[PDB]
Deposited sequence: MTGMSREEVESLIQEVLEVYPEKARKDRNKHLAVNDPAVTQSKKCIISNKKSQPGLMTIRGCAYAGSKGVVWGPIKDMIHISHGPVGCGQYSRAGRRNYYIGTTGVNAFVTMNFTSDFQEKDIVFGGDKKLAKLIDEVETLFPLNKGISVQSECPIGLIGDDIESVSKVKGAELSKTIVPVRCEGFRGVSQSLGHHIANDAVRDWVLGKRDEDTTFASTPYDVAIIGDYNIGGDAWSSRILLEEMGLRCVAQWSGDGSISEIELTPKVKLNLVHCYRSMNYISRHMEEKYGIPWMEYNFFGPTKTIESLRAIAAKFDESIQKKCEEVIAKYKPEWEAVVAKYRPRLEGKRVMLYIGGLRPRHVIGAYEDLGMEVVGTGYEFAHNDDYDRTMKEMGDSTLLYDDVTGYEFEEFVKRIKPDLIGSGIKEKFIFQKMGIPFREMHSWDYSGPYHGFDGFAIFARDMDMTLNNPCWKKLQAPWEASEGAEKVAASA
């Protein structure tokens, strides 16, 4: 499939739209040559809201704090357990990630405000959950619309109880997607948590302290990243929102380097720690052997000879392991074509792992990326591959019908559509209840999963022998 074939496909698809939608969507579909706008109403965007980005993504994973889905019951219920941010803890005692704490707004709270209810709740949280190490209040749509002052309540109650209480104004009507949620969340960490130990000289820093910024530990992804950096002699003082603690966050200003995986969700805070604490940051990729190897090497290069050399040891150690996974899966997956649609990082970052298995990504796209994400993406995709920002359900269905990829990698709302069309589908958010996919150990699982689905005997059994 060629250049003006992709261009004519785009026009073909856009023909169905009313003119306004047409003109807009046209700007959001491109063909590659090596964003951040509102969704058009009624077109079945796959996007979520600012609450998803703040509660679901950034704060939710923080293990030992209680997060309050503040507003009506919906938001917190549908997101409860929704995401696979893994963690070690005693849930309901010292850790709370999979629980749904909510202020469960009823009409009296809408009509007269929930700030009073929130103060009551904070006390209730305190009596019933004495081992919590902090609270966050994730505002749902009504909180801002209603004119509550969660900040006042947070300061007052925080003062009274000597707790870190973070107000987060991540109401779903703000921004255009879960992206602004990340930014609001980053700012809330900044304003209410990150400064707490500014005056603590007490932490015994070493020249090798790093923090994993933007790894939410999906299926243990952060754990299989950590092990590698640790083996290379670095100390990870903190994992940002993936099995994360509040103390780890408060300690993050002591480190020597911020290692950013998820640029999109956490570049904001990285920039800030740079300005304020002088801490430099760097982007890395831990999807597949190739990327993991160059990342380990770029990170090692930031330190002194001992680390450069532990790096080389680590790389040598895993060589036989990753080299075996390919010899076993490579022959089963080479030349297959993958279409991706994911959120703000993985649509670009998951290309190298595919290529290590001889696969090609013929189309990719993001829900909520900005243009700096697309600048990064174009480097990674082939000429004439399809790019789609905030794809509509319709557009996606149509692109798939033309391109006929062998495998699609996207979310839970896309899964069952393509499976019914007979295209092997892997969930590229929840790692389809499998994973981790990060690091060398994650590559083995990734390889095995792409293979089991794409080469599954079920895909031959769609059409009945009589039609």
Expected output for missing-CA ranges on the deposited sequence is 1 to 3, 38 to 47, 481 to 492
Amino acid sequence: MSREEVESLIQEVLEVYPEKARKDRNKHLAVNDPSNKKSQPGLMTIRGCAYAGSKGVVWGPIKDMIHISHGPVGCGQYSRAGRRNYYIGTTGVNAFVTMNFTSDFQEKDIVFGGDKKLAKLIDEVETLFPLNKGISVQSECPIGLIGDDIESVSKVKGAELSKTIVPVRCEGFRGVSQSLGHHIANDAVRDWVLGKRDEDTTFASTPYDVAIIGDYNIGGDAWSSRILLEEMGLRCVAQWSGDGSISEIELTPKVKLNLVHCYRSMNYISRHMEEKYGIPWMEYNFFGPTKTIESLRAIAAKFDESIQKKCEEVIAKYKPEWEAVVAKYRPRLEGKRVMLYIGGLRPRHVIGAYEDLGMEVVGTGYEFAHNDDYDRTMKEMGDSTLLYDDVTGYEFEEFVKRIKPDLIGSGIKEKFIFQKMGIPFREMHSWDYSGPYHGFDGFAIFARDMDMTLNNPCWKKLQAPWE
From here on, numbers count along this sequence of modelled residues.
Looking only at C-alpha temperature factors in the entry, 154 to 162 or 254 to 262, the higher average sits in 154 to 162
Stretch with higher mean Cα temperature factor, 118 to 126 vs 81 to 89, is 118 to 126
Note to self: of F287, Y329, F368, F112, the C-alpha temperature factor tops out at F112
Max C-alpha B-factor within the set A95, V361, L234, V168 falls on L234
Temperature factor at the Cα of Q239, chain-ranked in thirds, falls in the middle
On the chain's distribution of Cα B-factors, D198 falls within the third called highest
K420: CA B-factor among chain residues, third -> lowest
Chain-relative C-alpha B factor for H28 (record values, thirds): the middle
Of the three thirds of Cα B-factor ranks in this chain, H349 occupies the lowest
